[PDB]
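**Student:** Got a structure for you, upload_11.cif, holding mmCIF, C-alpha atoms and all ligand atoms.
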data_query
#
loop_
_atom_site.label_atom_id
_atom_site.label_comp_id
_atom_site.auth_asym_id
_atom_site.auth_seq_id
_atom_site.Cartn_x
_atom_site.Cartn_y
_atom_site.Cartn_z
CA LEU A 267 -41.17 122.82 39.48
CA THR A 268 -41.95 126.44 40.46
CA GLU A 269 -44.08 128.79 38.31
CA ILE A 270 -40.90 130.97 38.16
CA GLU A 271 -38.59 128.14 36.85
CA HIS A 272 -41.25 127.31 34.19
CA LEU A 273 -41.42 131.06 33.24
CA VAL A 274 -37.59 131.16 32.88
CA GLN A 275 -38.13 128.16 30.53
CA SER A 276 -41.01 129.65 28.44
CA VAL A 277 -39.11 132.99 27.96
CA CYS A 278 -35.83 131.24 26.91
CA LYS A 279 -37.77 128.96 24.49
CA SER A 280 -39.70 131.95 22.99
CA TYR A 281 -36.30 133.71 22.45
CA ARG A 282 -34.62 130.65 20.93
CA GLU A 283 -37.56 130.18 18.47
CA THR A 284 -37.50 133.94 17.49
CA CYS A 285 -33.76 134.93 17.89
CA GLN A 286 -33.60 135.40 14.04
CA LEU A 287 -29.79 134.68 13.77
CA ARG A 288 -28.10 131.89 15.79
CA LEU A 289 -25.34 133.11 18.17
CA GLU A 290 -23.01 130.25 17.05
CA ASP A 291 -23.40 131.37 13.34
CA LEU A 292 -22.76 135.07 14.25
CA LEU A 293 -19.62 134.17 16.26
CA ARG A 294 -18.29 131.87 13.48
CA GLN A 295 -18.68 134.61 10.78
CA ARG A 296 -16.69 137.29 12.72
CA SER A 297 -13.65 136.60 10.49
CA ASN A 298 -15.88 137.12 7.36
CA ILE A 299 -15.37 140.93 6.94
CA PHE A 300 -16.24 143.20 3.96
CA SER A 301 -13.17 144.19 1.82
CA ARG A 302 -12.17 147.83 1.10
CA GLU A 303 -13.71 147.31 -2.37
CA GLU A 304 -17.05 145.92 -1.03
CA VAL A 305 -17.21 148.84 1.51
CA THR A 306 -16.67 151.40 -1.34
CA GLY A 307 -19.36 149.51 -3.32
CA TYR A 308 -21.86 150.14 -0.47
CA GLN A 309 -20.71 153.79 0.05
CA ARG A 310 -21.34 154.54 -3.69
CA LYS A 311 -24.99 153.25 -3.62
CA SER A 312 -27.76 155.95 -3.61
CA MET A 313 -29.29 156.85 -0.23
CA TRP A 314 -32.53 155.50 -1.77
CA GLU A 315 -31.02 152.02 -2.37
CA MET A 316 -29.28 151.86 1.02
CA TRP A 317 -32.60 153.00 2.65
CA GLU A 318 -34.51 150.21 0.85
CA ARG A 319 -32.00 147.60 2.06
CA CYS A 320 -31.80 148.90 5.68
CA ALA A 321 -35.54 149.50 6.03
CA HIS A 322 -36.26 145.94 4.89
CA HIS A 323 -33.74 144.44 7.36
CA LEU A 324 -35.02 146.59 10.26
CA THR A 325 -38.69 145.74 9.47
CA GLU A 326 -37.84 141.99 9.43
CA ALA A 327 -35.90 142.35 12.74
CA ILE A 328 -38.98 144.10 14.34
CA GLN A 329 -41.20 141.24 13.08
CA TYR A 330 -39.03 138.70 15.03
CA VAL A 331 -39.51 140.88 18.16
CA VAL A 332 -43.34 140.95 17.58
CA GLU A 333 -43.32 137.11 17.37
CA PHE A 334 -41.14 136.99 20.53
CA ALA A 335 -43.69 139.19 22.37
CA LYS A 336 -46.64 137.08 21.13
CA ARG A 337 -45.01 133.90 22.63
CA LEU A 338 -44.36 135.54 26.09
CA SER A 339 -46.63 134.00 28.73
CA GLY A 340 -49.48 136.52 29.36
CA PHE A 341 -48.78 138.96 26.49
CA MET A 342 -51.70 137.73 24.28
CA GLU A 343 -53.97 137.88 27.42
CA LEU A 344 -53.36 141.71 27.58
CA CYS A 345 -55.98 143.94 25.81
CA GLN A 346 -54.91 144.74 22.22
CA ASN A 347 -54.48 148.45 23.14
CA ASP A 348 -51.82 147.38 25.75
CA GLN A 349 -50.12 144.94 23.25
CA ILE A 350 -49.76 147.94 20.86
CA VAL A 351 -48.52 150.34 23.63
CA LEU A 352 -45.80 147.89 24.79
CA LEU A 353 -44.61 146.93 21.25
CA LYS A 354 -44.71 150.58 19.99
CA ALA A 355 -42.56 151.71 22.99
CA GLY A 356 -40.40 148.57 23.22
CA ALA A 357 -39.95 146.64 19.95
CA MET A 358 -37.08 148.81 18.53
CA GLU A 359 -35.41 148.92 21.98
CA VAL A 360 -35.37 145.07 21.74
CA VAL A 361 -33.83 145.21 18.19
CA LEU A 362 -31.03 147.55 19.44
CA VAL A 363 -30.36 145.12 22.35
CA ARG A 364 -30.44 142.08 19.95
CA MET A 365 -27.80 143.90 17.81
CA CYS A 366 -25.01 143.20 20.43
CA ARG A 367 -25.09 139.48 19.40
CA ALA A 368 -24.30 140.53 15.79
CA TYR A 369 -21.62 143.10 16.81
CA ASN A 370 -17.82 142.50 17.13
CA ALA A 371 -16.32 144.93 19.73
CA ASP A 372 -12.74 143.98 18.57
CA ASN A 373 -13.15 145.83 15.21
CA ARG A 374 -16.53 147.70 15.77
CA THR A 375 -18.30 145.72 13.00
CA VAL A 376 -21.89 144.49 12.66
CA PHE A 377 -23.13 141.49 10.66
CA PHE A 378 -24.89 142.97 7.60
CA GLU A 379 -25.96 141.15 4.38
CA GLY A 380 -23.65 138.16 4.94
CA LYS A 381 -20.46 139.80 6.31
CA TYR A 382 -19.19 142.10 9.11
CA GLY A 383 -18.64 145.81 8.33
CA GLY A 384 -18.05 149.09 10.21
CA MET A 385 -20.46 152.06 10.40
CA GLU A 386 -18.78 153.66 7.29
CA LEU A 387 -20.67 150.96 5.22
CA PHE A 388 -23.76 153.25 5.76
CA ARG A 389 -22.12 156.56 4.54
CA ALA A 390 -24.77 157.16 1.78
CA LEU A 391 -27.66 157.45 4.37
CA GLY A 392 -26.18 160.70 5.79
CA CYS A 393 -26.95 159.41 9.35
CA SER A 394 -23.35 159.17 10.72
CA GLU A 395 -24.03 160.62 14.24
CA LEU A 396 -27.11 158.39 14.84
CA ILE A 397 -25.44 155.27 13.37
CA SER A 398 -22.34 156.05 15.55
CA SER A 399 -24.62 156.22 18.67
CA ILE A 400 -26.21 152.82 17.72
CA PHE A 401 -22.71 151.22 17.28
CA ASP A 402 -21.54 152.73 20.64
CA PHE A 403 -24.62 151.32 22.43
CA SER A 404 -23.83 147.84 21.03
CA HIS A 405 -20.17 148.40 22.05
CA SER A 406 -21.50 149.05 25.67
CA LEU A 407 -23.63 145.88 25.75
CA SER A 408 -20.84 143.67 24.24
CA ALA A 409 -18.76 144.12 27.44
CA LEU A 410 -21.51 142.12 29.33
CA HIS A 411 -21.06 139.00 27.08
CA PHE A 412 -24.82 138.34 27.56
CA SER A 413 -25.74 134.63 27.54
CA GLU A 414 -28.66 133.65 25.23
CA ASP A 415 -30.82 133.13 28.39
CA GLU A 416 -29.83 136.57 29.89
CA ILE A 417 -30.74 138.34 26.65
CA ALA A 418 -34.05 136.38 26.49
CA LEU A 419 -35.01 137.50 30.05
CA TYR A 420 -33.61 141.05 29.71
CA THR A 421 -35.43 141.66 26.37
CA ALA A 422 -38.71 140.28 27.88
CA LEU A 423 -38.35 143.03 30.57
CA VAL A 424 -37.53 145.70 27.91
CA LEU A 425 -41.04 144.91 26.49
CA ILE A 426 -43.05 144.16 29.68
CA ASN A 427 -42.87 147.60 31.37
CA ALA A 428 -45.94 148.82 33.35
CA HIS A 429 -44.59 152.46 33.31
CA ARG A 430 -45.15 152.87 29.51
CA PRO A 431 -47.66 155.77 29.11
CA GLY A 432 -51.09 154.79 27.61
CA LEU A 433 -51.62 151.33 29.24
CA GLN A 434 -55.37 150.71 29.98
CA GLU A 435 -54.73 147.61 32.26
CA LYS A 436 -51.55 148.78 34.08
CA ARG A 437 -52.13 146.40 37.09
CA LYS A 438 -52.02 143.36 34.72
CA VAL A 439 -48.77 144.53 33.02
CA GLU A 440 -47.33 144.98 36.57
CA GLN A 441 -48.24 141.34 37.48
CA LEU A 442 -46.45 140.11 34.33
CA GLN A 443 -43.49 142.46 34.96
CA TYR A 444 -43.11 141.34 38.62
CA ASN A 445 -42.97 137.65 37.54
CA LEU A 446 -40.40 138.34 34.73
CA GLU A 447 -38.21 140.45 37.13
CA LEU A 448 -38.29 137.57 39.64
CA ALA A 449 -37.46 135.06 36.84
CA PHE A 450 -34.44 137.18 35.67
CA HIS A 451 -33.18 137.84 39.24
CA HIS A 452 -33.68 134.15 40.15
CA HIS A 453 -31.77 132.99 37.03
CA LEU A 454 -28.84 135.45 37.61
CA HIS A 455 -28.52 134.22 41.21
CA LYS A 456 -28.68 130.53 40.15
CA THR A 457 -25.90 131.18 37.50
CA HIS A 458 -23.60 133.52 39.59
CA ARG A 459 -24.27 136.39 37.12
CA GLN A 460 -25.80 139.10 39.45
CA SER A 461 -22.66 141.18 38.50
CA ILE A 462 -24.37 142.20 35.18
CA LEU A 463 -27.24 144.07 37.03
CA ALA A 464 -24.96 147.09 37.91
CA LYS A 465 -23.77 147.13 34.24
CA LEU A 466 -27.14 147.13 32.39
CA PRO A 467 -27.74 150.28 30.25
CA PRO A 468 -29.39 153.27 32.00
CA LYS A 469 -33.10 152.98 30.87
CA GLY A 470 -33.29 156.66 29.77
CA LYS A 471 -30.35 155.92 27.36
CA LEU A 472 -32.05 153.02 25.56
CA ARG A 473 -35.30 155.08 25.30
CA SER A 474 -33.70 158.29 23.91
CA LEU A 475 -31.39 156.42 21.41
CA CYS A 476 -34.26 154.33 20.14
CA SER A 477 -36.57 157.34 20.06
CA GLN A 478 -34.04 159.12 17.81
CA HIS A 479 -33.69 155.98 15.63
CA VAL A 480 -37.48 155.60 15.08
CA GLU A 481 -37.89 159.36 14.32
CA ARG A 482 -35.17 159.05 11.55
CA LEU A 483 -36.88 155.87 10.20
CA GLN A 484 -40.25 157.77 10.08
CA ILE A 485 -38.61 160.63 8.13
CA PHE A 486 -37.12 158.20 5.60
CA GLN A 487 -40.46 156.36 5.34
CA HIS A 488 -42.19 159.69 4.66
CA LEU A 489 -39.68 160.66 1.90
CA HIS A 490 -39.14 157.32 0.18
CA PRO A 491 -41.95 154.87 1.69
CA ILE A 492 -41.40 151.13 1.53
CA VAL A 493 -44.49 148.96 1.90
CA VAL A 494 -44.73 146.08 4.44
CA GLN A 495 -47.03 142.98 4.70
CA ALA A 496 -47.69 143.64 8.40
CA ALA A 497 -47.38 140.69 10.84
CA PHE A 498 -49.44 142.69 13.37
CA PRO A 499 -51.54 145.23 11.45
CA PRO A 500 -52.93 147.24 14.38
CA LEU A 501 -49.39 147.99 15.53
CA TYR A 502 -48.12 148.68 11.98
CA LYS A 503 -51.05 151.09 11.27
CA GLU A 504 -49.75 153.10 14.25
CA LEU A 505 -46.34 153.19 12.55
CA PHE A 506 -46.89 153.06 8.76
CA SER A 507 -50.01 154.63 7.16
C1 LIG B 601 -27.22 150.59 12.10
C2 LIG B 601 -27.67 150.16 10.70
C3 LIG B 601 -28.13 151.37 9.88
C4 LIG B 601 -29.35 152.08 10.39
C5 LIG B 601 -29.81 153.16 9.41
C6 LIG B 601 -30.99 154.03 9.84
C7 LIG B 601 -30.60 155.00 10.94
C8 LIG B 601 -31.56 154.76 8.64
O1 LIG B 601 -32.05 153.21 10.36
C9 LIG B 601 -28.76 149.07 10.74
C10 LIG B 601 -29.24 148.66 9.32
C11 LIG B 601 -29.63 147.17 9.38
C12 LIG B 601 -29.59 146.84 10.87
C13 LIG B 601 -29.58 145.38 11.31
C14 LIG B 601 -30.78 144.64 10.74
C15 LIG B 601 -31.04 143.33 11.43
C16 LIG B 601 -30.43 142.93 12.54
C17 LIG B 601 -30.66 141.53 13.09
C18 LIG B 601 -31.11 141.53 14.55
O2 LIG B 601 -31.15 140.17 15.01
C19 LIG B 601 -30.15 142.34 15.39
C20 LIG B 601 -29.98 143.75 14.83
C21 LIG B 601 -29.51 143.82 13.35
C22 LIG B 601 -28.09 143.26 13.23
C23 LIG B 601 -29.60 145.29 12.85
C24 LIG B 601 -28.56 146.22 13.49
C25 LIG B 601 -28.58 147.66 12.96
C26 LIG B 601 -28.44 147.70 11.43
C27 LIG B 601 -27.05 147.22 11.01
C1 LIG B 602 -41.30 150.68 17.84
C2 LIG B 602 -41.37 150.33 16.38
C3 LIG B 602 -40.72 150.90 15.34
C4 LIG B 602 -41.06 150.28 14.10
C5 LIG B 602 -41.95 149.26 14.22
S1 LIG B 602 -42.39 149.04 15.88
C6 LIG B 602 -42.18 148.79 12.92
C7 LIG B 602 -43.03 147.69 12.44
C8 LIG B 602 -42.63 146.85 11.42
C9 LIG B 602 -43.40 145.79 11.02
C10 LIG B 602 -44.59 145.52 11.66
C11 LIG B 602 -45.44 144.37 11.27
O1 LIG B 602 -46.57 144.27 11.82
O2 LIG B 602 -44.98 143.55 10.47
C12 LIG B 602 -45.00 146.36 12.68
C13 LIG B 602 -44.23 147.42 13.08
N1 LIG B 602 -41.43 149.47 12.05
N2 LIG B 602 -40.75 150.41 12.76
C14 LIG B 602 -39.89 151.36 12.22
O3 LIG B 602 -39.39 152.19 12.94
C15 LIG B 602 -39.63 151.30 10.75
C16 LIG B 602 -38.85 150.29 10.21
CL1 LIG B 602 -38.17 149.09 11.27
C17 LIG B 602 -38.60 150.22 8.85
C18 LIG B 602 -39.15 151.16 8.01
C19 LIG B 602 -39.93 152.18 8.51
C20 LIG B 602 -40.19 152.23 9.87
CL2 LIG B 602 -41.18 153.51 10.50
#
When written as structure tokens, how does the structure in this file appear?
Ligand SMILES: C[C@H](CCCC(C)(C)O)[C@H]1CC[C@H]2[C@@H]3CC=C4C[C@@H](O)CC[C@]4(C)[C@H]3CC[C@]12C
Ligand SMILES: Cc1cc2c(s1)c(-c1ccc(C(=O)O)cc1)nn2C(=O)c1c(Cl)cccc1Cl

**Tutor:**
Amino acid sequence: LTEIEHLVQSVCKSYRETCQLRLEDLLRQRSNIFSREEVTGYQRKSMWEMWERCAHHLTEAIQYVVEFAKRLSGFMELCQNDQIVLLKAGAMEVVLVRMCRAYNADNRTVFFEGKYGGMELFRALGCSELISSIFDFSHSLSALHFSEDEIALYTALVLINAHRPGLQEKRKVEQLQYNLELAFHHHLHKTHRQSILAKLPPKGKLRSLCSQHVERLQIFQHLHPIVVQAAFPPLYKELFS
């Protein structure tokens, strides 16, 4: 078949092997919600304990996105500088997109440590405005009801972005980007789902939310640092250290 139909296939496979939580599991557990008492239990934890828990979960989620990127056709062929630039700009944007699969718009809950809970679970972090923004962004995306294949192709394009500042081989990121844009557009046409294009988040909004998120993470890491066994050291070193 066409290069483009094979690329649709390699991206969707990459996503399925690295999606971290299975959509069917997430959907099934929606009814499994934290009680008043369990919520109070989380709210009473120190900011230090809640940070340790949340940092760990976020680091693990980033590591699935790194593995996703490393399985995208052409990514490993980029110079290591460009692999770092794309993942440093993009990997947390992909996590915030992946969150919509684990988010229930009906009751504004997210799947966290085995059950669904609202943003007030995270009270002890003293991050309410930022956490509210992250929930609202997921609330936005949920209205699309992304298919597994749409989120695979969309999140590939979140990463493979030739406009990221600092790319050494910009022409080669463009070639990859053009093919992934064609794959996504082709797939939406084949599935009668072009309607989602007008509804995708403004790009500026994903960038500024995620930029705020990573700045807060870097402040917490500076105050109370957790240590990570880095899946991709060169990238980590430009984030931890
Ligand atoms: C919004 C809250 C709190 C963020 C706190 C802050 C601002 C200090 O980072 C975070 C904490 C843990 C996060 C989840 C961790 C892992 C996953 C799985 C991945 O497949 C999709 C995203 C998700 C559900 C994260 C969402 C954001 C969460 C709840
Ligand atoms: C754009 C990116 C943001 C971001 C990335 S990438 C990573 C990360 C993680 C692991 C690896 C690896 O190689 O295993 C590499 C990179 N952490 N991280 C954070 O914001 C972060 C998190 Cl999630 C938790 C605690 C502290 C911090 Cl600072």

**Student:** When you draw a straight line from atom CA of residue A:494 to atom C19 of ligand LIG 601 (chain B), how long is it in Å?

**Tutor:**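 One can read the atom CA of residue A:494 to atom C19 of ligand LIG 601 (chain B) distance as 18.6 Å.
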
**Student:** Please measure the separation of atom CA of residue A:425 and atom CA of residue A:366, giving the value in Å to one decimal.

**Tutor:**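 We find that atom CA of residue A:425 and atom CA of residue A:366 lie 17.2 Å from each other.
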
**Student:** What does the list of residues within 9 Å of ligand LIG 601 (chain B) look like if you count all atoms listed in the file, written as a PyMOL selection string?

**Tutor:** chain A and resi 285-288+316-317+319-328+330-331+360-369+376-379+383+385+387-388+391-394+396-398+400-401+478-480+482-483+486

**Student:** Kindly save the residues from that selection, with C-alpha atoms included, as a tab-separated table (two decimals), in the frame of the given file.

**Tutor:**
chain	number	residue	atom	x	y	z
A	285	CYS	CA	-33.76	134.93	17.89
A	286	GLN	CA	-33.60	135.40	14.04
A	287	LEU	CA	-29.79	134.68	13.77
A	288	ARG	CA	-28.10	131.89	15.79
A	316	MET	CA	-29.28	151.86	1.02
A	317	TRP	CA	-32.60	153.00	2.65
A	319	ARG	CA	-32.00	147.60	2.06
A	320	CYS	CA	-31.80	148.90	5.68
A	321	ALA	CA	-35.54	149.50	6.03
A	322	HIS	CA	-36.26	145.94	4.89
A	323	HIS	CA	-33.74	144.44	7.36
A	324	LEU	CA	-35.02	146.59	10.26
A	325	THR	CA	-38.69	145.74	9.47
A	326	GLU	CA	-37.84	141.99	9.43
A	327	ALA	CA	-35.90	142.35	12.74
A	328	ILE	CA	-38.98	144.10	14.34
A	330	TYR	CA	-39.03	138.70	15.03
A	331	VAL	CA	-39.51	140.88	18.16
A	360	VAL	CA	-35.37	145.07	21.74
A	361	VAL	CA	-33.83	145.21	18.19
A	362	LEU	CA	-31.03	147.55	19.44
A	363	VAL	CA	-30.36	145.12	22.35
A	364	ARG	CA	-30.44	142.08	19.95
A	365	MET	CA	-27.80	143.90	17.81
A	366	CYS	CA	-25.01	143.20	20.43
A	367	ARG	CA	-25.09	139.48	19.40
A	368	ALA	CA	-24.30	140.53	15.79
A	369	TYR	CA	-21.62	143.10	16.81
A	376	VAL	CA	-21.89	144.49	12.66
A	377	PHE	CA	-23.13	141.49	10.66
A	378	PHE	CA	-24.89	142.97	7.60
A	379	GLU	CA	-25.96	141.15	4.38
A	383	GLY	CA	-18.64	145.81	8.33
A	385	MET	CA	-20.46	152.06	10.40
A	387	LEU	CA	-20.67	150.96	5.22
A	388	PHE	CA	-23.76	153.25	5.76
A	391	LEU	CA	-27.66	157.45	4.37
A	392	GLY	CA	-26.18	160.70	5.79
A	393	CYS	CA	-26.95	159.41	9.35
A	394	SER	CA	-23.35	159.17	10.72
A	396	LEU	CA	-27.11	158.39	14.84
A	397	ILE	CA	-25.44	155.27	13.37
A	398	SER	CA	-22.34	156.05	15.55
A	400	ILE	CA	-26.21	152.82	17.72
A	401	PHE	CA	-22.71	151.22	17.28
A	478	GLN	CA	-34.04	159.12	17.81
A	479	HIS	CA	-33.69	155.98	15.63
A	480	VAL	CA	-37.48	155.60	15.08
A	482	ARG	CA	-35.17	159.05	11.55
A	483	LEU	CA	-36.88	155.87	10.20
A	486	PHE	CA	-37.12	158.20	5.60

**Student:** Adding 5 Å on each side of the box along x, y and z that holds all listed atoms of stretch 289-302 of chain A, could you give its centre and edge lengths in Å to one decimal, as JSON?

**Tutor:**
{"center_x": -18.8, "center_y": 139.0, "center_z": 9.6, "size_x": 23.2, "size_y": 27.6, "size_z": 27.1}

**Student:** Applying 10 Å and all atoms listed in the file, which residues near residue A:463 remain after dropping the ones on its own chain fewer than 5 positions away? List them as a PyMOL selection string.

**Tutor:** chain A and resi 410+451+454

**Student:** Produce a file of the selected residues containing C-alpha atoms, as an mmCIF file, in the frame of the given file.

**Tutor:**
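Below is the file that was written, again-v8.cif:
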data_model
loop_
_atom_site.group_PDB
_atom_site.id
_atom_site.type_symbol
_atom_site.label_atom_id
_atom_site.label_comp_id
_atom_site.auth_asym_id
_atom_site.auth_seq_id
_atom_site.Cartn_x
_atom_site.Cartn_y
_atom_site.Cartn_z
ATOM 1 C CA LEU A 410 -21.510 142.120 29.330
ATOM 2 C CA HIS A 451 -33.180 137.840 39.240
ATOM 3 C CA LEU A 454 -28.840 135.450 37.610
#

**Student:** Report, in Å to a single decimal, how far apart atom CA of residue A:444 and atom CA of residue A:467 are.

**Tutor:**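 Separation between atom CA of residue A:467 and atom CA of residue A:444: 19.7 Å.
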
**Student:** So which residues are close to (-43.4, 150.4, 13.0), meaning at most 8 Å away in the file's coordinates with all atoms listed in the file counted, and can you show them as a PDB file with C-alpha atoms, keeping the file's coordinate frame?

**Tutor:**
ATOM      1  CA  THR A 325     -38.690 145.740   9.470  1.00  0.00           C
ATOM      2  CA  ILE A 328     -38.980 144.100  14.340  1.00  0.00           C
ATOM      3  CA  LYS A 354     -44.710 150.580  19.990  1.00  0.00           C
ATOM      4  CA  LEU A 501     -49.390 147.990  15.530  1.00  0.00           C
ATOM      5  CA  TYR A 502     -48.120 148.680  11.980  1.00  0.00           C
ATOM      6  CA  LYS A 503     -51.050 151.090  11.270  1.00  0.00           C
ATOM      7  CA  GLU A 504     -49.750 153.100  14.250  1.00  0.00           C
ATOM      8  CA  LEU A 505     -46.340 153.190  12.550  1.00  0.00           C
ATOM      9  CA  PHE A 506     -46.890 153.060   8.760  1.00  0.00           C
TER      10      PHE A 506
END

**Student:** Do a neighbour search on stretch 429-437 of chain A at 12 Å with only C-alpha atoms, toss out local chain neighbours closer than 6 positions, and write the hits as a PyMOL selection string.

**Tutor:** chain A and resi 341+343-356+423+443-444+469+473

**Student:** Which of these, A:329, A:406, A:474, A:370, has the shortest distance to ligand LIG 602 (chain B) once you count only C-alpha atoms and all ligand atoms?

**Tutor:**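 Looking at the shortest contact to ligand LIG 602 (chain B), the residue is A:329.
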
**Student:** Between A:267, A:359, A:422, A:389, which residue has the minimum interatomic distance to ligand LIG 602 (chain B), considering only C-alpha atoms and all ligand atoms?

**Tutor:**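 Distance minimum relative to ligand LIG 602 (chain B) lands on A:359.
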